[PDB]
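> For the sequence shown, the working numbering assigns the number 8 to the initial residue and increments by one for each residue that follows.
Sending over a structure as structure tokens; questions will come in a sec.
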Amino acid sequence: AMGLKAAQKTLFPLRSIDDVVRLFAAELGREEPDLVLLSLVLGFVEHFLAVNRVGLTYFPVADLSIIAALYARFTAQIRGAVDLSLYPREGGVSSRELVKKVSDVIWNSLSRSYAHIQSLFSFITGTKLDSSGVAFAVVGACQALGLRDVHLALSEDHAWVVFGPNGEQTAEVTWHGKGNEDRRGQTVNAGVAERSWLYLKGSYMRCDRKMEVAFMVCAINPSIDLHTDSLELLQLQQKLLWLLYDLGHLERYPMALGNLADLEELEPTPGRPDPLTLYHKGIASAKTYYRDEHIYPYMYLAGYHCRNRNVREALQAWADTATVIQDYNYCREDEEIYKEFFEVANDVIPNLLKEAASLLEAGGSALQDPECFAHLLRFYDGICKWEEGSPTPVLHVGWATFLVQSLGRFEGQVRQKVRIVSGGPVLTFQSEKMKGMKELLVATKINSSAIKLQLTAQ
Ligand SMILES: COc1ccccc1CN
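Next up, the structure:
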């Protein structure tokens with residue numbers, strides 16, 4: 008809420024990972040965990056840990072005087088720029104004018120030219136924030152002002168704020184991508200209606216205060232450089248996510264559950280569910296609360312199967328990913344999920360199949376399994392169907408080169424044992440393009456040129 012309390016101050020100084028966890032455990036018992044206090048603590052700790060060092064053990068001590076001074080600076084800056092008497096508050100509901108004023112206060116503070124700039128620590132000490140950091144700063148600013156209805160909203164690649172009753176009102180508060188036109192102040196209604204992945208068809212997350220704590224924990228970046236992660240930051244993020252898990256605050260947060268599964272893959276915690284249980288809990292959350300319209304729950308699971316060389320389930324999970332994305336329209340600012348499908352289609356899957364081909368060279372493999380070929384076809388069907396109704400095209404000559412190569416990783420005998428139905432394993436296509444070349448996909452010899460122009464047709 009507002010003002011540091013003795014119950015928080017007695018927990019200082021923070022001298023270890025477990026000290027930070029204990030501060031978070033106390034704040035998560037409050038009805039209103041202090042977003043400014045917790046973000047400053049995480050940003051401080053991350054700032055001094057995300058460096059290569061000499062010294063086996065090291066923890067940067069979060070002295071209260073330092074944290075409380077930064078907290079006072081944030082609060083003074085917000086209370087001194089936002090006069091609440093000029094904005095009437097009709098029974099708890101903040102107005103769009105007030106919410107936009109706070110957004111502008113944050114925005115106008117940013118440095119005008121410029122990793123680890125996600126926290127309020129970075130905001131106060133260096134006037135820098137990344138994109139979703141701005142939207143978090145706005146929610147923390149509003150909590151500092153008493154606006155109990157202003158909350159963070161998150162898709163899988165963007166953030167904004169919701170407010171009013173039940174989060175009825177939406178407002179853009181930050182940028183997305185690089186060269187895009189500013190939409191700050193506007194509603195996200197256009198984004199929902201265009202059926203872009205960026206806005207999730209309205210199936211995005213609306214946080215309570217405690218899901219906002221989960222966000223900032225997920226936002227911890229342990230990366231030191233391109234080769235090195237901070238183990239202390241990974242262990243801190245992992246323990247915080249278990250604390251959140253235990254209190255039920257990940258129940259509606261699929262990406263956090265995927266993140267925790269990844270951390271348990273890296274370093275299993277004794278007595279806790281295994282990664283596969285956690286990946287599927289993430290998928291179950293997305294089905295339960297978000298109409299099964301999220302991509303990353305299946306990308307998380309696919310990556311795990313891929314790393315463990317469960318080729319069939321990896322291709323299964325990647326097809327599920329395509330089955331979700333087929334109902335979207337590829338818009339301009341959807342590039343992050345495009346790059347992911349590109350990498351899966353034209354790098355990861357070829358490598359998986361090429362490794363599988365080498366294994367047959369010297370010995371029940373997936374290249375002799377028709378199910379895996381079915382998964383591969385459902386994956387490409389979803390991406391073709393995704394392209395339908397989309398403004399800009401998805402597939403091009405490069406996709407066709409690796410589709411051809413991937414189909415040719417299966418013996419024509421093996422591919423022939425899959426039944427393809429239009430709109431042994433049986434599979435039903437949904438896209439015009441895949442239906443159009445259904446014949447080419449089962450011939451003992453693959454007309455590469457023919458498939459290439461059909462997959463690239465208008
Ligand atoms: C599961 O994949 C994720 C999750 C979050 C961000 C990016 C990716 C793609 N590597």
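Yeah, the Cβ is synthetic: ideal placement off N, Cα and C, and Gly gets one too.
1) How big is the Cα-Cα spacing for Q412 and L402?
2) DSSP three-state call for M223: helix, strand or coil?
3) Going by DSSP, which residues form a beta bridge with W167?
4) Consider the C-beta atom of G255 and the heavy atoms of ligand 1; say whether any pair is separated by less than 7 Å.
5) Quick one: what's got a C-beta closer than 6 Å to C149's C-beta in the same chain, skipping five residues either side?
6) How about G370: is its Cβ closer than 7 Å to a heavy atom in ligand 1?
7) Report whether the distance from the Cβ of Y337 to the nearest heavy atom of ligand 1 is below 7 Å.
8) Quick one: Cα of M212 to Cα of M223, how far?
9) Taking only runs that begin and end inside the segment 434-458, name each unbroken alpha helix (DSSP H) of 4 or more residues, in chain order.
10) Terminal residues of the continuous alpha helix (DSSP H) containing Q150?
11) Between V331 and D299, which are expected to be in contact by the criterion C-beta below 8 Å, what is the C-beta distance as a whole number of angstroms?
12) Are the beta-carbon atoms belonging to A142 and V180 less than 8 Å from one another?
13) For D327, count the other beta carbons within 10 Å of its own beta carbon; 16 or more makes it buried, fewer makes it exposed. Which is it?
14) Using a Cβ-Cβ cutoff of less than 8 Å, which residues in the same chain neighbour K445 once the five nearest sequence positions on both sides are dropped?
15) Just curious, the beta strand (DSSP E) that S110 is in, first and last residue?
16) Residues in its own chain within less than 7 Å of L264 by CB, not counting five upstream and five downstream?
17) Where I231 and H165 are concerned, what is the direct C-alpha to C-alpha distance, given to the nearest angstrom?
18) For the pair the segment 332-345 and the segment 202-211, tell me if three or more CB-CB distances fall below 8 Å.
19) Can you tell me whether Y307 is buried or exposed, with buried defined as 16 or more other CB within 10 angstroms of its CB?
20) Buried or exposed for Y387, going by 16 or more other Cβ atoms inside 10 Å?
21) Tell me, please, which residues DSSP counts as bridged to residue 487.
22) Report the option in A407, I73, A178, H123 whose CA atom is closest to the CA atom of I458.
23) Can you tell me whether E347 sits near ligand 1, meaning its C-beta is under 7 Å from at least one heavy atom of the ligand?
24) Please state the DSSP three-state secondary structure of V43.
25) Could you check where the alpha helix (DSSP H) with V318 kicks off and where it finishes?
26) Can you tell which of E271, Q420, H234, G209 has its C-alpha closest to the C-alpha of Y297?
27) Assuming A373 contacts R319 under a Cβ cut-off of 8 Å, what Cβ separation, rounded to an integer in Å, is found between them?
28) Relative to the C-alpha of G87, which residue among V68, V48, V112, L45 is closest?
29) Just the C-alpha distance for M262 and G174, rounded to the nearest angstrom, thanks.
30) Could you say if the segment 46-64 and the segment 126-133 meet the contact criterion of at least three C-beta pairs nearer than 8 Å?
31) Confirm the yes/no value for this check: CB of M212, any heavy atom of ligand 1, distance under 7 Å.
32) Tell me the residue span of the alpha helix (DSSP H) that contains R190.
33) Give me the residue from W325, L448, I74, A151 with the minimum Cα distance to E350.
34) If we ignore side chains and look at the alpha-carbon of each, how far apart do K12 and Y94 end up?
35) Indicate whether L241 and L273 have their beta-carbon atoms separated by less than 8 Å.
36) Pop quiz: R103 and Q176 are said to be a contact at Cβ under 8 Å. What is the actual Cβ separation, rounded to whole angstroms?
If we stick to the structure as given:
1) 15 Å
2) helix
3) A160
4) no
5) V109, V157
6) no
7) no
8) 14 Å
9) 439-443
10) 138-152
11) 7 Å
12) yes
13) buried
14) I427, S429, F436
15) Counting along the chain, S110 falls outside any beta strand (DSSP E), though it belongs to the alpha helix (DSSP H) covering 103-116.
16) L257, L285, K288, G289, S292
17) 24 Å
18) yes
19) buried
20) buried
21) Coverage of the chain is limited to positions 8 through 465, which leaves residue 487 absent and any answer about it impossible.
22) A407
23) yes
24) helix
25) 318-332
26) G209
27) 6 Å
28) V112
29) 21 Å
30) yes
31) no
32) From DSSP, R190 is part of no alpha helix (DSSP H); its letter is neither H nor E.
33) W325
34) 28 Å
35) yes
36) 6 Å
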